[PDB]
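Written below as structure tokens is the structure these notes are about.
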Amino acid sequence: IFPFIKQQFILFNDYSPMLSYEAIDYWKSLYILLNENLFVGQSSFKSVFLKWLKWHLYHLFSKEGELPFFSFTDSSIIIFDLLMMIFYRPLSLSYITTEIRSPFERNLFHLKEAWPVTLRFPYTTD
Amino acid sequence: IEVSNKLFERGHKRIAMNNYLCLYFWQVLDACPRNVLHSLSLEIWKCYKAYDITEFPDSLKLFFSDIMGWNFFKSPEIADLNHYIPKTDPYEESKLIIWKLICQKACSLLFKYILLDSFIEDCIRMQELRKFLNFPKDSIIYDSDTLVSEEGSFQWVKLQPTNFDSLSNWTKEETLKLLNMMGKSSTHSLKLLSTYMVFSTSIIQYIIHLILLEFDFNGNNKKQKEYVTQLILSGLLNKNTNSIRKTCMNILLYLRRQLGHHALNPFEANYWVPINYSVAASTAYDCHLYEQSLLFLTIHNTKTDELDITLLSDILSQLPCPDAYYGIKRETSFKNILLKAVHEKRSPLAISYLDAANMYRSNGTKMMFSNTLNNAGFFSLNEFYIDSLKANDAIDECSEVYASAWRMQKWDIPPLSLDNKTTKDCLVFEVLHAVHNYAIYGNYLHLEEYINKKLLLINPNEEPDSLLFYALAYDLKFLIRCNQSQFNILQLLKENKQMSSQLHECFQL
Amino acid sequence: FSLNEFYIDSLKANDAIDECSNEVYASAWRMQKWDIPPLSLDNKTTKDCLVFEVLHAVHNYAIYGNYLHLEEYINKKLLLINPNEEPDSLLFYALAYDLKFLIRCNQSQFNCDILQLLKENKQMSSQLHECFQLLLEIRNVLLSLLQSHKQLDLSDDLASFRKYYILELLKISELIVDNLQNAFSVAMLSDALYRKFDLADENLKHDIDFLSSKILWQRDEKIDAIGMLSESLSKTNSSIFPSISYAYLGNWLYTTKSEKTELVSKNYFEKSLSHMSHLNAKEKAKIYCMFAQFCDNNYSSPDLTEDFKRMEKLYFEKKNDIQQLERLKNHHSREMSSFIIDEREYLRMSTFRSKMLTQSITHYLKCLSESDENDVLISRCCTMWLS
Amino acid sequence: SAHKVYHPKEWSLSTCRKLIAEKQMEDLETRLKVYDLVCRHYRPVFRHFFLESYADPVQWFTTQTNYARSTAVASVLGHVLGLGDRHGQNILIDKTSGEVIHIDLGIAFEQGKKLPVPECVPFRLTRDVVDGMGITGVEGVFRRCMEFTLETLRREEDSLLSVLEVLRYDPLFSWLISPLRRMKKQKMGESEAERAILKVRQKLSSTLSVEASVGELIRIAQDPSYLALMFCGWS
């Protein structure tokens, strides 16, 4: 199914910037860590798809809001550095201490409402 | 060298502890010089899986794999001895021997196991001398065997609530319901009150044979005799766990081995406990102990002369001995010829021919054909067959499919998951695809790290061919990191000039 | 052919074979895969493309059960073959006519049985390579296409016609299609169809077993053929009087020594001779004369005849020793016991030799008399007679 | 003693031989029927030697397989070399492993056929020895091991033939054994070397395939018609 997606991709139509960020990062991690295949699996097919994304559907996001796959996010630069360092290198990830400074917003909406966690301990339970 | 060779002329099997092995001779041996390591006695690596590798650092496991490949390449150690110690122990003397075995086991547990150890000390302190105290050393007799009646282990609240029992609590319940017929020692607390330690099947399985031997002819009559018969029969056939069946078969064999008092034949002694050996043999075949299944089958056929022919064929199909599959002749039809020719993997009376005829006459096969093609050596034919099956989706497997992925040098087939335990063909394909990719791109550290990751997970499976992968790891490492003279593969056989009885396990691909 | 089919669709996966060629359709019509589109009727075709197109038409006229549109297809095909004066065209003509008879006659749809075309010359007749090729396989696929749809079967006697691959395989093995593996493949198909269609205890089962055993033994996996024929012959079969199978299995058993000489002679050749007088034909002579061949091999064995000569020698010298000693009386008694045992063994073996030699000469004479095809053996018989 | 312990109901080992030896001047069918009766009284008891008397099942199967391999190799080598007497006493099974060692190879090279009652069977495979390799008869391990031994012995026909030749030119090896001598063993001018070596070549002759050859060997070794004539006792 990944080869079918790749064949559909890099066709200038399916390969679009509308794809959510870090999806390519997850694909690269799957291809280089678990599969660990780079023969048309990493730095060859993934690199081709990344180059197509950087050329086709470049600087024209499907949705302008929330910076979806936009160049304003430093996460794109982080993913680019991770992909560059993952092309057959020792410690291929080479990524640590991203220094988010609480910009990721791990807690979802109504995070104050989530902090329900105030009454985490039930009365005479657990 | 003297330390290494004296470590093995006797039994020093006591490094079974996982936390005590990385402290034992598997971290000190790594630091020892490489020349000394080569000069160490061969029995260090003879039992490549007997050592418990549960607790090992990553680097220690990597060193283990490297040295193991190095040791396999010179004088392979696959050949091993077959037999272990017997089970027969050698009337009041018989009972004395049973009690001696039980108390020796109890003393061993006392030495090995602080709360539990104190409880075993109190249990052994539980008073009458039957001359059985002579065999344990007299120091324990003087210290803990006038003596204080008050227990030195628990203070009425310190006692354990008898939890953390084993998955084989079946023998615990059986021993509980069994020993409650004539209580010599309230050894009863060892099974019902001391059942804390997962002991919960160790001591129970250790002396369940002994107490069952005690119960047989314990008195003139006993309902508990029918109880042991019923429980043996109920344990032989079981569901949701093969371990209970394995334990029941172990008790069956242990009782069969014992000398029967006033027994005319060792044969009828094997049938002291009334049971049908055919169902036991079927369970053993389902228990994957095929030699044990054949033993039960032949004892049954010695009694009833009523062997199950289909069961015998199923047993002989998977028997490890190479000259099996021909003990029972199946009356020949166009399926017996094909199956007999598949096993030989021979070109005369071509299994390729019969498979080709059956694939179009439509007269299991989706793997038998591929394996026959691969064994005959027609690798391109097997590549075409695998491609056709993939086109028809009929194979729908990631096994066979990867046997021809690396042999035919097709490096576009995605590799199997590295985390999951995988068959030797997918194993080899993962390693070989990795080395092909890192030959194309040239990153030596990446290849080393990947082979290390893939060799770390292979150990716990207790698969027969783990050492075969250790060899491949060491071999490709030697052939890779060297700047010249990449050989390290034939010279052993050239010195042997023959297979040297290496068996298909040692020499294959 | 199945490995060949695997190779072809594998090549198609590589987009290399350009599947409008001859070999693709030679695999297609042989594997009965009626899904690949046929080559155009206006476009010129080779032999195999033409055969596959005709067979696809037969399949689509047998699914819908017609005897007329098939005639239109066959005639439109036969119209446009001759002008190029291709050497194989005549063969195609034969095919057309054979096809015509498979969809006209309500019974016995085949002409001349084809196997008799090779039996009349009593050899392969060695016409030439291009004169012997590929007809029997099309007859087979046509016959199996007759009952592709049970709505095109509509009867049970056809399913007994279905199973007369024995003629087709006695033809292919001894070799219009010029192969042997196809004979075994069709024998496997016949076994599958017998176990699939009708009752599993008849005489047709035994005949299929005999043909399969012949095909296997000629492949020289001798013991497997021995077993497969003995599973059905030495059995409480239905109306079991098969003489030809019994003679063939006796010959094979003595060939590989898999059975005792006396046992095979009493259980596999006497059974054949008892069930005689109902197959007065060339096969009758074949049976007596394979029997004579086996009995001659019994007589002509060098090692056993050497021990036989040594045994005649020791019998004669023990007669001389008896004469000398008759002239130690207890020694004489022990000697007379020993050599009376030796003498009775001598009579047994000499009577056996006389019986086998006389029987083999007589059956050689019969092998000549019933059929004039086998002639040279008279010289052999002469060597076994005037000696 | 195994038959005197496991099945005390049947006849003793000295009960049946005497009546087998009673018929010495009779036809073959009488011997065949008497052997059928005797072998029906005496069930095969050898299979219990390995089982529940040796060890755990792994060792039991290992020693059964090793016994099968050793007896197959010894039987093929006895046939090829024409080995003679094969008493129960003259075979030694090693309690440690079960392999069979053939002592007292003083009668060989057709000499066994010269005994007052010729050993028509090539190698002893009576009911007990056949039961030895388990429930299976002489099939599986035994037949395949015999096939491999015959095939390898035929591969090296040249060198082994030369070895037997150097025995032929050796004046010590008396390829001729006195008949009176031969008689004794059972109780307990032509150069014969060339005839014996011709027989050895014939036994290695590839006219008959090795599979059917060992099949025929097994057939003679197991068919009761031959075994009823082997010798009085001998079992």
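Convention: chains lettered A, B, ... in structure tokens order; per-chain residue numbering from 1; ligands numbered from 1 as shown.
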
Residue hits in chain B, query chain C, radius 9 Å, only C-alpha atoms, as a ChimeraX atom specification: /B:331-334,337,348-349,352-363,381,383-389,391

For residue 138 of chain C: contacts at 9 Å, only C-alpha atoms, fewer than 6 positions along chain excluded, given as a VMD selection string: chain C and resid 29 to 30 51 55 95

Export of the given selection (N, CA, C and O atoms) as a PDB file, in the first residue's frame:
ATOM      1  N   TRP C  29      -4.487 -21.738 -24.434  1.00  0.00           N
ATOM      2  CA  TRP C  29      -5.417 -22.798 -24.809  1.00  0.00           C
ATOM      3  C   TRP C  29      -5.080 -24.122 -24.137  1.00  0.00           C
ATOM      4  O   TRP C  29      -5.954 -24.990 -24.044  1.00  0.00           O
ATOM      5  N   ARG C  30      -3.849 -24.292 -23.654  1.00  0.00           N
ATOM      6  CA  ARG C  30      -3.482 -25.522 -22.962  1.00  0.00           C
ATOM      7  C   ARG C  30      -3.854 -25.483 -21.486  1.00  0.00           C
ATOM      8  O   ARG C  30      -4.154 -26.529 -20.900  1.00  0.00           O
ATOM      9  N   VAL C  51      -5.646 -21.961 -32.875  1.00  0.00           N
ATOM     10  CA  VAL C  51      -6.228 -23.005 -32.041  1.00  0.00           C
ATOM     11  C   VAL C  51      -6.917 -22.395 -30.829  1.00  0.00           C
ATOM     12  O   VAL C  51      -8.025 -22.801 -30.458  1.00  0.00           O
ATOM     13  N   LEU C  55     -10.866 -22.563 -29.883  1.00  0.00           N
ATOM     14  CA  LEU C  55     -11.276 -23.155 -28.615  1.00  0.00           C
ATOM     15  C   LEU C  55     -12.048 -22.175 -27.740  1.00  0.00           C
ATOM     16  O   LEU C  55     -12.943 -22.590 -27.000  1.00  0.00           O
ATOM     17  N   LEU C  95      -8.361 -30.671 -37.631  1.00  0.00           N
ATOM     18  CA  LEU C  95      -8.931 -30.139 -36.402  1.00  0.00           C
ATOM     19  C   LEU C  95     -10.369 -29.712 -36.626  1.00  0.00           C
ATOM     20  O   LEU C  95     -11.283 -30.193 -35.944  1.00  0.00           O
TER      21      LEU C  95
END

Residue contacts of residue 21 of chain B (9 Å, only C-alpha atoms) excluding same-chain residues fewer than 4 positions away, as an MDAnalysis selection string: chainID B and resid 15:17 25:27 51:53 55:56

Please, could you write that set of residues out with N, CA, C and O atoms as an mmCIF file, in the first residue's frame?
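Saved the output as out_14.cif:
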data_model
loop_
_atom_site.group_PDB
_atom_site.id
_atom_site.type_symbol
_atom_site.label_atom_id
_atom_site.label_comp_id
_atom_site.auth_asym_id
_atom_site.auth_seq_id
_atom_site.Cartn_x
_atom_site.Cartn_y
_atom_site.Cartn_z
ATOM 1 N N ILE B 15 24.635 -20.879 37.149
ATOM 2 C CA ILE B 15 24.588 -19.499 36.681
ATOM 3 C C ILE B 15 23.254 -19.254 35.992
ATOM 4 O O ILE B 15 23.119 -18.328 35.183
ATOM 5 N N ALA B 16 22.261 -20.091 36.304
ATOM 6 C CA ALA B 16 20.943 -19.945 35.695
ATOM 7 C C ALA B 16 20.302 -18.608 36.041
ATOM 8 O O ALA B 16 19.451 -18.119 35.291
ATOM 9 N N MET B 17 20.691 -18.004 37.161
ATOM 10 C CA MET B 17 20.113 -16.727 37.557
ATOM 11 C C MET B 17 20.477 -15.643 36.552
ATOM 12 O O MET B 17 21.643 -15.490 36.179
ATOM 13 N N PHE B 25 30.390 -15.200 34.581
ATOM 14 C CA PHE B 25 31.336 -15.237 33.474
ATOM 15 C C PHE B 25 30.665 -14.956 32.134
ATOM 16 O O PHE B 25 30.695 -15.781 31.216
ATOM 17 N N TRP B 26 30.067 -13.774 32.014
ATOM 18 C CA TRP B 26 29.741 -13.203 30.715
ATOM 19 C C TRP B 26 30.068 -11.724 30.603
ATOM 20 O O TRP B 26 29.997 -11.184 29.494
ATOM 21 N N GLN B 27 30.406 -11.050 31.703
ATOM 22 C CA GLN B 27 30.994 -9.718 31.637
ATOM 23 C C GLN B 27 32.489 -9.743 31.897
ATOM 24 O O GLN B 27 33.221 -8.908 31.354
ATOM 25 N N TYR B 51 22.504 -20.972 28.870
ATOM 26 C CA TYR B 51 22.625 -19.803 29.727
ATOM 27 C C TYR B 51 21.382 -18.931 29.606
ATOM 28 O O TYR B 51 20.826 -18.766 28.517
ATOM 29 N N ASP B 52 20.942 -18.381 30.733
ATOM 30 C CA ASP B 52 19.779 -17.503 30.764
ATOM 31 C C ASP B 52 20.223 -16.078 30.456
ATOM 32 O O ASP B 52 20.971 -15.474 31.229
ATOM 33 N N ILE B 53 19.753 -15.547 29.333
ATOM 34 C CA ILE B 53 20.198 -14.252 28.831
ATOM 35 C C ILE B 53 19.089 -13.235 29.072
ATOM 36 O O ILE B 53 18.955 -12.251 28.336
ATOM 37 N N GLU B 55 18.653 -11.060 31.569
ATOM 38 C CA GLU B 55 19.209 -9.773 31.978
ATOM 39 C C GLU B 55 20.621 -9.663 31.416
ATOM 40 O O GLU B 55 21.540 -10.338 31.893
ATOM 41 N N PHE B 56 20.791 -8.802 30.411
ATOM 42 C CA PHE B 56 22.052 -8.597 29.727
ATOM 43 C C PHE B 56 22.062 -7.164 29.216
ATOM 44 O O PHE B 56 21.048 -6.714 28.662
#

Residue 100 of chain A environment, 10 Å, only C-alpha atoms, sequence neighbours closer than 4 positions dropped, as a VMD selection string: chain A and resid 74 to 75 104 to 105

Proximity of segment 392-428 of chain B to segment 468-474 of chain B: per-residue shortest pair, 9 Å limit, only C-alpha atoms, as JSON lines:
{"residue": "B:424", "atom": "CA", "partner": "B:469", "partner_atom": "CA", "distance": 8.1}
{"residue": "B:427", "atom": "CA", "partner": "B:469", "partner_atom": "CA", "distance": 8.0}
{"residue": "B:428", "atom": "CA", "partner": "B:469", "partner_atom": "CA", "distance": 7.9}

May I have the residues from that selection written out with C-alpha atoms, as a compact mmCIF listing (two decimals), in the first residue's frame?
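And here is the file that came out, again-v6.txt:
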# COMPACT_ATOMS: atom_id res chain seq x y z
CA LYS B 424 15.47 -17.68 8.68
CA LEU B 427 16.03 -13.03 8.54
CA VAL B 428 18.65 -13.52 5.82

Chain D contacts to chain C at 9 Å (only C-alpha atoms) as a list in words: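 Interface list for chain D against chain C: residues 25, 26, 208, 209, 211, 212, 213, 215, 216, 219 and 220 of chain D.
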
Dump as an mmCIF file, in the first residue's frame, selection limited to N, CA, C and O atoms:
data_model
loop_
_atom_site.group_PDB
_atom_site.id
_atom_site.type_symbol
_atom_site.label_atom_id
_atom_site.label_comp_id
_atom_site.auth_asym_id
_atom_site.auth_seq_id
_atom_site.Cartn_x
_atom_site.Cartn_y
_atom_site.Cartn_z
ATOM 1 N N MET D 25 13.505 -82.822 7.496
ATOM 2 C CA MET D 25 13.379 -83.473 6.199
ATOM 3 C C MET D 25 12.022 -83.202 5.557
ATOM 4 O O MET D 25 11.453 -84.076 4.900
ATOM 5 N N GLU D 26 11.493 -81.998 5.740
ATOM 6 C CA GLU D 26 10.147 -81.656 5.308
ATOM 7 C C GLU D 26 10.184 -80.621 4.190
ATOM 8 O O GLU D 26 11.212 -80.000 3.909
ATOM 9 N N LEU D 208 20.333 -53.540 -11.437
ATOM 10 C CA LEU D 208 19.100 -53.325 -10.695
ATOM 11 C C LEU D 208 19.304 -52.122 -9.783
ATOM 12 O O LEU D 208 20.308 -52.049 -9.066
ATOM 13 N N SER D 209 18.361 -51.181 -9.816
ATOM 14 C CA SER D 209 18.518 -49.942 -9.069
ATOM 15 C C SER D 209 18.636 -50.227 -7.576
ATOM 16 O O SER D 209 18.161 -51.249 -7.076
ATOM 17 N N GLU D 211 17.322 -48.743 -4.967
ATOM 18 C CA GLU D 211 16.087 -48.701 -4.187
ATOM 19 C C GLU D 211 15.372 -50.043 -4.227
ATOM 20 O O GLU D 211 15.066 -50.632 -3.183
ATOM 21 N N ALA D 212 15.130 -50.562 -5.431
ATOM 22 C CA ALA D 212 14.491 -51.865 -5.548
ATOM 23 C C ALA D 212 15.409 -52.984 -5.075
ATOM 24 O O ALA D 212 14.926 -54.027 -4.627
ATOM 25 N N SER D 213 16.727 -52.781 -5.139
ATOM 26 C CA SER D 213 17.648 -53.799 -4.644
ATOM 27 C C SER D 213 17.522 -53.966 -3.134
ATOM 28 O O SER D 213 17.381 -55.088 -2.634
ATOM 29 N N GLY D 215 14.982 -52.991 -1.442
ATOM 30 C CA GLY D 215 13.631 -53.481 -1.232
ATOM 31 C C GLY D 215 13.555 -54.992 -1.317
ATOM 32 O O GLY D 215 12.927 -55.643 -0.479
ATOM 33 N N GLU D 216 14.221 -55.573 -2.316
ATOM 34 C CA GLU D 216 14.271 -57.024 -2.440
ATOM 35 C C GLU D 216 15.051 -57.650 -1.290
ATOM 36 O O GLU D 216 14.687 -58.725 -0.798
ATOM 37 N N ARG D 219 12.796 -57.718 1.536
ATOM 38 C CA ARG D 219 11.765 -58.719 1.287
ATOM 39 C C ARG D 219 12.254 -60.116 1.645
ATOM 40 O O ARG D 219 11.546 -60.879 2.309
ATOM 41 N N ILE D 220 13.470 -60.471 1.225
ATOM 42 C CA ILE D 220 14.000 -61.778 1.608
ATOM 43 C C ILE D 220 14.251 -61.840 3.108
ATOM 44 O O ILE D 220 14.078 -62.892 3.734
#

Shortest interatomic distance to residue 68 of chain A - which of A:1, A:18, A:34, A:114, counting only C-alpha atoms: A:18

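Of the residues listed (A:89, A:112, A:63, A:101), A:89 shows the shortest atom-to-atom separation from chain B; distances use only C-alpha atoms.
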
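Residues in contact with residue 291 of chain B at 10 Å, where only C-alpha atoms are counted and same-chain residues fewer than 6 positions away are skipped, are listed as residues 281, 284, 285, 297, 315, 316, 319 and 320 of chain B; 56, 57, 58, 59, 60, 61 and 62 of chain D.
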
Could you go through segment 124-198 of chain D and tell me which residues DSSP, when run on the backbone, assigns to alpha helix (DSSP H), listing them as a compact mmCIF listing (two decimals) with C-alpha atoms, in the first residue's frame?
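Writing done, so here's states_13.txt:
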# COMPACT_ATOMS: atom_id res chain seq x y z
CA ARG D 127 10.50 -60.42 14.18
CA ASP D 128 12.24 -59.24 17.36
CA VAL D 129 15.08 -57.40 15.59
CA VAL D 130 12.50 -55.77 13.31
CA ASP D 131 10.47 -54.69 16.34
CA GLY D 132 13.67 -53.26 17.80
CA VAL D 141 15.38 -45.39 9.22
CA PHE D 142 16.36 -48.95 8.30
CA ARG D 143 15.44 -48.88 4.61
CA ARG D 144 16.88 -45.42 3.96
CA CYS D 145 20.11 -46.24 5.79
CA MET D 146 20.42 -49.43 3.75
CA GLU D 147 19.86 -47.45 0.55
CA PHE D 148 22.55 -44.92 1.43
CA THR D 149 25.02 -47.62 2.45
CA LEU D 150 24.52 -49.53 -0.81
CA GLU D 151 24.76 -46.36 -2.91
CA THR D 152 28.00 -45.23 -1.26
CA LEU D 153 29.48 -48.74 -1.41
CA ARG D 154 28.74 -48.75 -5.14
CA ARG D 155 30.29 -45.30 -5.60
CA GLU D 157 33.42 -49.95 -6.02
CA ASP D 158 36.91 -49.52 -7.50
CA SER D 159 38.81 -48.95 -4.25
CA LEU D 160 36.89 -51.52 -2.18
CA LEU D 161 37.26 -54.02 -5.02
CA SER D 162 41.02 -53.39 -5.00
CA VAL D 163 41.10 -53.91 -1.23
CA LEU D 164 39.28 -57.23 -1.50
CA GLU D 165 41.72 -58.03 -4.30
CA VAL D 166 44.73 -57.50 -2.03
CA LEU D 167 43.03 -59.84 0.41
CA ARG D 168 42.72 -62.26 -2.53
CA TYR D 169 46.47 -62.26 -3.20
CA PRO D 179 32.84 -77.91 5.32
CA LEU D 180 33.34 -79.66 8.62
CA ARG D 181 34.43 -76.37 10.08
CA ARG D 182 31.37 -74.74 8.59
CA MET D 183 29.22 -77.36 10.21
CA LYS D 184 30.67 -76.57 13.60
CA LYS D 185 29.87 -72.90 13.39
CA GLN D 186 26.23 -73.52 12.69
CA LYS D 187 26.14 -76.03 15.50
CA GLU D 192 37.64 -69.30 -4.77
CA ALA D 193 38.99 -65.73 -4.64
CA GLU D 194 37.97 -64.92 -8.22
CA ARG D 195 34.49 -66.43 -7.88
CA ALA D 196 33.92 -64.64 -4.57
CA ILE D 197 35.10 -61.33 -5.99
CA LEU D 198 32.83 -61.82 -9.00

Please, which residues in chain A fall within 8 Å of chain B when counting only C-alpha atoms, and what is the closest atom pair and distance in Å to one decimal for each, ordered by chain then residue number, as a tab-separated table?
residue	atom	partner	partner_atom	distance
A:34	CA	B:418	CA	5.8
A:35	CA	B:417	CA	6.1
A:36	CA	B:434	CA	7.6
A:37	CA	B:434	CA	7.1
A:38	CA	B:437	CA	6.3
A:39	CA	B:437	CA	5.8
A:40	CA	B:412	CA	7.2
A:88	CA	B:443	CA	5.9
A:89	CA	B:446	CA	6.1
A:90	CA	B:446	CA	5.2
A:91	CA	B:446	CA	7.9

Nearest candidate to chain B (options D:137, D:171, D:78, D:112; using only C-alpha atoms): D:137

Distance criterion (only C-alpha atoms): nearest to residue 33 of chain A out of B:344, B:120, B:350, B:453: B:453

Segment 285-294 of chain C environment, 10 Å, only C-alpha atoms, sequence neighbours closer than 5 positions dropped, as a count of residues only: 44

Who sits within 12 Å of residue 113 of chain D, only C-alpha atoms, same chain under 3 positions skipped, as a VMD selection string: (chain C and resid 307) or (chain D and resid 79 82 to 85 107 to 110 116 to 122 177 179 182 to 183 186 230 to 231)

Chain B residues near chain D (7 Å cut-off, only C-alpha atoms) as a PyMOL selection string: chain B and resi 82-83+86+257+265+267+291-292+295+298+323-328

Just-selected residues, N, CA, C and O atoms written as a PDB file, in the first residue's frame:
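Listing of again_14.pdb after writing:
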ATOM      1  N   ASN B  82      22.825 -36.307  24.001  1.00  0.00           N
ATOM      2  CA  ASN B  82      21.380 -36.492  23.974  1.00  0.00           C
ATOM      3  C   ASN B  82      20.774 -36.692  25.358  1.00  0.00           C
ATOM      4  O   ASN B  82      19.725 -36.113  25.660  1.00  0.00           O
ATOM      5  N   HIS B  83      21.408 -37.489  26.210  1.00  0.00           N
ATOM      6  CA  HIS B  83      20.783 -37.967  27.433  1.00  0.00           C
ATOM      7  C   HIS B  83      21.171 -37.120  28.638  1.00  0.00           C
ATOM      8  O   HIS B  83      22.247 -36.520  28.694  1.00  0.00           O
ATOM      9  N   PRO B  86      18.872 -39.950  34.936  1.00  0.00           N
ATOM     10  CA  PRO B  86      17.613 -40.697  34.961  1.00  0.00           C
ATOM     11  C   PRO B  86      16.714 -40.188  36.083  1.00  0.00           C
ATOM     12  O   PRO B  86      17.071 -39.289  36.842  1.00  0.00           O
ATOM     13  N   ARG B 257       8.623 -44.403  35.268  1.00  0.00           N
ATOM     14  CA  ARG B 257      10.020 -44.803  35.403  1.00  0.00           C
ATOM     15  C   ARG B 257      10.283 -45.547  36.707  1.00  0.00           C
ATOM     16  O   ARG B 257      11.172 -46.405  36.755  1.00  0.00           O
ATOM     17  N   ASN B 265       6.293 -57.039  35.761  1.00  0.00           N
ATOM     18  CA  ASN B 265       6.964 -56.517  34.584  1.00  0.00           C
ATOM     19  C   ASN B 265       7.205 -55.022  34.723  1.00  0.00           C
ATOM     20  O   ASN B 265       6.372 -54.306  35.291  1.00  0.00           O
ATOM     21  N   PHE B 267       6.923 -53.348  32.174  1.00  0.00           N
ATOM     22  CA  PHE B 267       5.808 -52.972  31.317  1.00  0.00           C
ATOM     23  C   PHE B 267       4.582 -52.607  32.142  1.00  0.00           C
ATOM     24  O   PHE B 267       4.109 -51.466  32.106  1.00  0.00           O
ATOM     25  N   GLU B 291       9.340 -37.151  20.155  1.00  0.00           N
ATOM     26  CA  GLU B 291       9.945 -38.371  20.678  1.00  0.00           C
ATOM     27  C   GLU B 291       9.134 -38.928  21.841  1.00  0.00           C
ATOM     28  O   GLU B 291       8.932 -40.145  21.944  1.00  0.00           O
ATOM     29  N   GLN B 292       8.649 -38.050  22.723  1.00  0.00           N
ATOM     30  CA  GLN B 292       7.779 -38.494  23.806  1.00  0.00           C
ATOM     31  C   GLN B 292       6.472 -39.055  23.260  1.00  0.00           C
ATOM     32  O   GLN B 292       5.944 -40.047  23.781  1.00  0.00           O
ATOM     33  N   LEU B 295       7.188 -42.472  22.148  1.00  0.00           N
ATOM     34  CA  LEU B 295       7.316 -43.371  23.293  1.00  0.00           C
ATOM     35  C   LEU B 295       5.944 -43.795  23.807  1.00  0.00           C
ATOM     36  O   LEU B 295       5.701 -44.980  24.077  1.00  0.00           O
ATOM     37  N   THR B 298       4.337 -46.187  21.269  1.00  0.00           N
ATOM     38  CA  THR B 298       4.855 -47.549  21.272  1.00  0.00           C
ATOM     39  C   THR B 298       4.516 -48.291  22.557  1.00  0.00           C
ATOM     40  O   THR B 298       4.315 -49.507  22.517  1.00  0.00           O
ATOM     41  N   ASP B 323      15.864 -39.875   8.389  1.00  0.00           N
ATOM     42  CA  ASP B 323      15.308 -41.080   7.777  1.00  0.00           C
ATOM     43  C   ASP B 323      13.952 -41.439   8.374  1.00  0.00           C
ATOM     44  O   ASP B 323      13.679 -42.582   8.735  1.00  0.00           O
ATOM     45  N   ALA B 324      13.087 -40.441   8.470  1.00  0.00           N
ATOM     46  CA  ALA B 324      11.681 -40.612   8.788  1.00  0.00           C
ATOM     47  C   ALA B 324      10.878 -40.359   7.521  1.00  0.00           C
ATOM     48  O   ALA B 324      11.444 -40.147   6.447  1.00  0.00           O
ATOM     49  N   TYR B 325       9.553 -40.379   7.651  1.00  0.00           N
ATOM     50  CA  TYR B 325       8.567 -40.249   6.583  1.00  0.00           C
ATOM     51  C   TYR B 325       8.462 -41.550   5.790  1.00  0.00           C
ATOM     52  O   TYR B 325       7.578 -41.670   4.948  1.00  0.00           O
ATOM     53  N   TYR B 326       9.317 -42.538   6.041  1.00  0.00           N
ATOM     54  CA  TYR B 326       9.272 -43.806   5.324  1.00  0.00           C
ATOM     55  C   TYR B 326       8.967 -44.978   6.241  1.00  0.00           C
ATOM     56  O   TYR B 326       8.970 -46.127   5.787  1.00  0.00           O
ATOM     57  N   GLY B 327       8.723 -44.720   7.525  1.00  0.00           N
ATOM     58  CA  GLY B 327       8.363 -45.802   8.423  1.00  0.00           C
ATOM     59  C   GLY B 327       7.021 -46.416   8.079  1.00  0.00           C
ATOM     60  O   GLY B 327       6.874 -47.641   8.055  1.00  0.00           O
ATOM     61  N   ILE B 328       6.030 -45.579   7.799  1.00  0.00           N
ATOM     62  CA  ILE B 328       4.701 -46.026   7.409  1.00  0.00           C
ATOM     63  C   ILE B 328       4.521 -45.725   5.930  1.00  0.00           C
ATOM     64  O   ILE B 328       4.698 -44.579   5.496  1.00  0.00           O
TER      65      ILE B 328
END

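Atom CA of residue 11 of chain A lies 9.5 Å from atom CA of residue 56 of chain A.
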